[PDB]
């Protein structure tokens, strides 16, 4: 265990950046923490709490996920892998949530934020489930500045791990909604070189990555090691240079270190 701590410490030192890790083993509620209470820019990982807020609404508003929103060339941002295919057309909130979570579409995220009434409403949702650390302050793409010392759009590894657990395995969301969030996370297409890369290939994983300024490379996930109790893992990482290159390999290494033998 302290060997795990030594390995994480060495990983961070060799990386030249700041690493934040929080692992929750639901088998016994044990935890592996590294700078777990420190704040890190969430960047696209904030889309999980956002999508979850929409899901929460569907618990009391029948068919909300089928509600349509119009996409216009003017809505496009710096990253629209899915939405650019719908310019001049409509997308359902479910499609927007899927695009946001599985392709990290920025325009999709903004549509969800607009629907919800703004970032503040996502912060409110977080508080409703007991997360007093999480905070969403801006929309896309500004929420990705990840400026050192800035608390806007940040959270801690442990707070995000606990919230991810509550949302996917706990009671923060009702059954159908909980299942939909788990399905969307499992279907993510951008995590291939992150947390997943540090795990045995047949383990089942649901995750949401992040890549923004200051070489900030993030990933939060729920991991099912074969037939054993699921693990909730948050790996956040940021660097000194605003234009630093992303280090998905660092997240993979952190993941292997804390999950080996689980």
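Numbering follows the first chain given and starts at 1.
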Practice problem: Could you check which stretch, 30-38 or 45-53, carries the larger mean CA temperature factor in the entry? | Solution: 30-38
Quiz item: Quick one: higher average CA temperature factor, 87-95 or 135-143?
Solution: 87-95
Quiz item: Among 112, 160, 76, 182, which carries the highest Cα B-factor?
Solution: 76
Exercise. From the list 194, 235, 67, 216, select the residue with the highest C-alpha B factor recorded in the entry.
Key: 67
Exercise. Report the third (lowest, middle or highest) to which the CA temperature factor of residue 126 belongs, ranking only the modelled residues of the same chain.
Key: lowest
Quiz item: Considering only modelled residues of the same chain, in which third does the CA B-factor of residue 240 rank: lowest, middle or highest?
Solution: middle
Self-check item: residue 9 - which third its CA temperature factor falls in, relative to the rest of the chain
Solution: highest
Exercise. Place residue 63 in the lowest, middle or highest third of its chain's C-alpha B-factors, as listed in the PDB entry.
Key: highest
Practice problem: Could you tell me which third, lowest, middle or highest, the C-alpha B-factor of residue 222 occupies within its chain? | Solution: lowest
